[PDB]
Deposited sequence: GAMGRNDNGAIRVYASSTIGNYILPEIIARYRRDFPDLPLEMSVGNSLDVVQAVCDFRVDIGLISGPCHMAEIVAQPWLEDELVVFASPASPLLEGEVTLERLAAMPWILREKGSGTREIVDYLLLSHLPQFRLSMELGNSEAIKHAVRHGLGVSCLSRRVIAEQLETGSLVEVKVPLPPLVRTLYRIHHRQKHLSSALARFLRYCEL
């Protein structure tokens, strides 16, 4: 009778924990299962009835899927406080001149940086692709390059100053997170969904 949720790493590590805490304290006997994956893997699990609720980056147009916009999410270019990018006026050429570190292909974060950020910059060879936010923050903190992540992921580091937000002369990188579930699917599901608001 466990509730199964399939969400992205940004949602699973920086949005769901506060929701899970309030849901568990009010319902301590209902088991919870929370998997981390990108949009295509989550949609497949919902179609296969392997999970109950899916939280993805981007919309879903399948007739068997009930998809509703859930939360806005702003992505931010950031760098180490000792990065030369922080000195001088930021330009598109200066942004493309720094070594870049990006999330894994197929993730909603990498999709946003590819079409909304890197498309407006001069072409460059990607330095590193790290499939986890924690490894990216460590690499950026060590001056290995710059990156682009959700503000929720680096909010703690932006406050302490271990990471610095870089102002980019481009429209802000804002995405929409969606909540999905199968059309052929329920109580207790609705309870968890009420805590996600």
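Visitor: Which bits of the deposited sequence have no atoms placed for their C-alpha?
Guide: Residues missing from the model, as numbered along the full deposited sequence, span 1 to 8, 194 to 195, 208.
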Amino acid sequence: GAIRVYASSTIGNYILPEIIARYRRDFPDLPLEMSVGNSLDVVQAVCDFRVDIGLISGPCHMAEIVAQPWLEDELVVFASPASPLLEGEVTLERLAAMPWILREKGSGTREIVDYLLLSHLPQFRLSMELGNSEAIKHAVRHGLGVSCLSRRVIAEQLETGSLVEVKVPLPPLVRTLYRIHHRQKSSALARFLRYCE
From here on, numbers count along this sequence of modelled residues.
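Visitor: Which has higher Cα B-factors on average according to the PDB entry: 96 to 104 or 118 to 126?
Guide: The stretch with the larger mean CA B-factor is 118 to 126.
Visitor: When the Cα temperature factors in the entry are averaged, is it 162 to 170 or 144 to 152 that ends up higher?
Guide: Looking at the record's C-alpha B-factors, the answer is 162 to 170.
Visitor: So if I compare the CA B-factors in the entry for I65, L40, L55, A135, which one is the largest?
Guide: The C-alpha B-factor peaks, among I65, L40, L55, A135, at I65.
Visitor: Among the modelled residues of its chain, does the C-alpha B-factor of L177 lie in the lowest, middle or highest third?
Guide: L177: CA B-factor falls in the middle third of its chain.
Visitor: Thinking about Cα B factors across the chain, which third does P81 belong to?
Guide: Lowest third - that is where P81 ends up once the chain's C-alpha B-factors are sorted.
Visitor: Report the third (lowest, middle or highest) to which the CA temperature factor of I11 belongs, ranking only the modelled residues of the same chain.
Guide: It falls in the bottom third of the chain.
Visitor: Check where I20 lands among this chain's C-alpha B-factors and tell me if it's the lowest, middle or highest third.
Guide: Lowest third.
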